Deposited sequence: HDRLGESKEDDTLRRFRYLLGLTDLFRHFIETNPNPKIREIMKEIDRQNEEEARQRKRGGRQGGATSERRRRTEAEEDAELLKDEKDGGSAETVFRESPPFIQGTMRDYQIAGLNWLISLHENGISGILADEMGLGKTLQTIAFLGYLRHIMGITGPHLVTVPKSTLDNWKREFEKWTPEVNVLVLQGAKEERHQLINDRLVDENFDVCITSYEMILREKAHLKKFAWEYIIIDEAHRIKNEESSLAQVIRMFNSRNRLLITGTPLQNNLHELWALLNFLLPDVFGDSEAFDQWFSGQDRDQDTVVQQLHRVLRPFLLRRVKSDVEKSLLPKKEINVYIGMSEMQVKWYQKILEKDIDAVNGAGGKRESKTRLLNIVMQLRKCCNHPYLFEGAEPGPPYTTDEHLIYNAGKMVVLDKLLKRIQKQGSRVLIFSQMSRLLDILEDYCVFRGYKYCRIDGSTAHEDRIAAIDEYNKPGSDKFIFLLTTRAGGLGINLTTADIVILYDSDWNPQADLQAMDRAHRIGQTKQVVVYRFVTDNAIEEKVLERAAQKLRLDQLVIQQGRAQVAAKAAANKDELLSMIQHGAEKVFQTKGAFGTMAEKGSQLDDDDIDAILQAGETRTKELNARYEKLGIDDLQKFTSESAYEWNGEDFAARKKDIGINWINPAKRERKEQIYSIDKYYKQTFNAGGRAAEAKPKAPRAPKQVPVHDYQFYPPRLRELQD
């Protein structure tokens, strides 16, 4: 759905300063204006039904905190869908017939992240970091996970044509590749049975053949158009594509026109014409070199670049630690109240015929309780609401957090704190002020939140900032927070890949320290159960990887080693034999049927034995073969 693509894209852009908002708000295209008006009026209504922060000791900031009802509806809706949809690979994917390096897996995950945010990107790794494999893995992700096979268009210099062809063939043989080359007669032989027929998943083309066949290429609604190393943009602009990838080996350059050309390539609906950009530049008040630098900063989320030294340096493994935590007396009371108000379902003695929605609501409330009792209306000590030390002691997690942060600051470390609930971050904001903690905050809002400003404030050398408060969703916005070295998951995502994505905001190339992750778990309550399920799904996930990779090898034609072991099997005993082999030498002619009844009996017995040998095994015992 391209209409939901636009929305997801626009919503992602609005946090990257007001630059994109401006080009959308004032966009020449009326249709573009409409969508922006829509998200605006929606943001207006949500602002009407929100307040700015009660607590007297509290945060003074201007964002508007959500209603208990409003966030309950979102958590519920989210629970109906098993959590975020995020995909994050922990290892080289089974569909890649080979092994990716750690930094290539990270590249893959970054490309995936762009795709799920509906944005195009630039892979600008230094030559030799295997950008081809990374791109191919990403297209493999589209195929095997998202059910998208193509059609994709890959345009390359003539010299690289053979390499792209081989790598597709090597890493993902199942992908149907069509290469456009040759004279005018060598083409029509391909076009009839292949090109015009859409008998391909991927079309690899030289820059040349793009022009000479543009008429046929324009007929397709392309998924991805990928340009390797970049009148090229003129023809590409006139192509239909859901997304694009630019593959280059060079960093961004201080050239205003090039930067506009990238923005136009990445966002052709937002930056459609050169004229609107020139008018924007002449109308604004920063000099050219400053604008150039602002454009670089804005292009950062759409660009991945790593140089050999980044890759050759070691990225320390993360220490992940679960923190098992009790509940305050107040938590105990509210937990009981929640369980009791639906005691029939909790006991589970009846029909269990109530809706799933009824059970989801319960789970949601228990989740809120394990977080902080103040999330419930009427729970916090009645008016006036103030940040006491009671704000800490009424929650088991707050008590542990409070001492943990104290110890984190002493050793001179900096911390990211993620949560599923914005209304919980609100409580954390107030707590931060009460302890005099300097902080930034990002929720992934489209209501005039500037995440570039906040990221930069946190990342500046000698920054005053200590804590960064973040929704777990914000972890999927491709942000870089390597200046922090400790991560606290205040509560967990039902999709472990979402939390992993969050940890990776700090645990990624550029990080110099050992990333320590603390996952708060309310012991002997609902959260510990979720924790076990998470570990089960992780093991299941590992098996399907381990097995799926063996399937690929099994499904495939024989190895030279496999062939050789076939040839050699029994070869000795054959060479040794001078007469006839065992069964034939025992007699020779058409002898006793008792020999036949024996052979059939021996055969039936050996058969049961050969089956039984493997029917019991699992893959690890199967690998011994």
Not represented among the modelled residues are deposited positions 1-6, 237-244, 640-723
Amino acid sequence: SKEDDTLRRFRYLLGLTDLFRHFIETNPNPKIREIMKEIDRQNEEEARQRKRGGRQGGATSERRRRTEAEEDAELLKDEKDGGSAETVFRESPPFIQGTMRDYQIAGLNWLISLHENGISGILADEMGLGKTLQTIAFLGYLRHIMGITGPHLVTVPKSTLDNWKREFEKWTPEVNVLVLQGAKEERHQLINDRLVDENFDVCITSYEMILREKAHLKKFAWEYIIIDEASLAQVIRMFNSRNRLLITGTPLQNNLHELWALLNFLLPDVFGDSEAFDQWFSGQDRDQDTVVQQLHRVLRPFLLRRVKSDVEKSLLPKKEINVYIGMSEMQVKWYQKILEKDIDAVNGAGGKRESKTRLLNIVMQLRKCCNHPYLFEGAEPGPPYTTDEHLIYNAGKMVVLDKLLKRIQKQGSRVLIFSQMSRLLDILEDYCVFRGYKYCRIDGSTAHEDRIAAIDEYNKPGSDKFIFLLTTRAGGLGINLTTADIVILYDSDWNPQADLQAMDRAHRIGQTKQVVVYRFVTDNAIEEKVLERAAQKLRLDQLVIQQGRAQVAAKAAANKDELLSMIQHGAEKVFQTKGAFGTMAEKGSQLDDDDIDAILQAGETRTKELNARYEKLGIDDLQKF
From here on, numbers count along this sequence of modelled residues.
Out of 44-52 and 585-593, which one has CA B-factors that are higher on average in the deposited record? 585-593
Please compare 307-315 with 115-123 and name the stretch with the higher mean C-alpha B-factor in the deposited structure. 307-315
Just the C-alpha B-factor column, please: which of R21, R606, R9, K616 has the biggest number? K616
Specify which of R194, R244, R286, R473 carries the largest Cα B factor in the deposited PDB entry. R194
Split the chain's modelled residues into thirds by Cα B-factor; is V346 in the lowest, middle or highest one? middle
Third of the chain's Cα B-factor distribution that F302 belongs to, per the entry: lowest
If you rank the chain by CA B-factor, which third does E340 end up in: lowest, middle or highest? highest
Just say lowest, middle or highest third for the CA B-factor of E223 relative to the other modelled residues in its chain. lowest
Where does the C-alpha B-factor of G140 rank in its chain, lowest, middle or highest third? lowest
